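Just the one chain here, the form deposited in one PDB entry, laid out as structure tokens.
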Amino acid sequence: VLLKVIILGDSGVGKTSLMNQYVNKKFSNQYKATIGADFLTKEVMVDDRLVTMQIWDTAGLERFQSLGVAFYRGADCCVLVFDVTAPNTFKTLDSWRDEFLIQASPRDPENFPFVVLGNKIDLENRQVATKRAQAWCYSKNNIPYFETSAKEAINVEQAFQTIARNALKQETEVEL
């Protein structure tokens, strides 16, 4: 059982940090822009069930975005990340959501698993209100929302638990 998860979001929101924190329990304040898309794997237990989580990290900068988009189509869950201290990254969520739908072409789009992460909550200069973020998530088809901190490892395991659970459900429905 291989679960494919795709992480999308603007440059600098912390996609790579979140993945490394979750997969390797490691964080680095040093920024290294992601080029293209690639994955890291992590075997995990989803409600007493072993699965191989294939987590795809992508380039937030359009300049480093690859033309290869085949990795999308079989996705079981799409993770949308934004920076709680940067409203601009929150306003682009619809574009990221739409890009995922277009590239993955899931059947029954409105029910495909999306999980939103408001990252960098550890910073004092927060600018995106929780209520505002929850409202957007609700306007979608009520997709789960988690406020996280890759740096302080806050809510990372919890968020990925839901990501893994929902990805499994989607995966199961597909094979059926």
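We call the rigid core the largest set of C-alpha positions that still match within 1.5 Å between the two forms. In case it trips you up, residue 1 is the first one in the sequence shown, and so on.
Only in words, not in the display: the form deposited in another entry, which the text now covers.
- The residue that stands out in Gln54, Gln65, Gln127, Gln134 is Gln65, the single one whose Cα moves by 2 angstroms or more between this form and the one not shown on a rigid core fit.
- A shift of at least 3 angstroms pushes the Cα atoms of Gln65 and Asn24 further from each other in the other form than in the displayed structure.
- Note: the CA-CA distance for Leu67 and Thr41 contracts in the other form relative to this form, by 3 angstroms or more.
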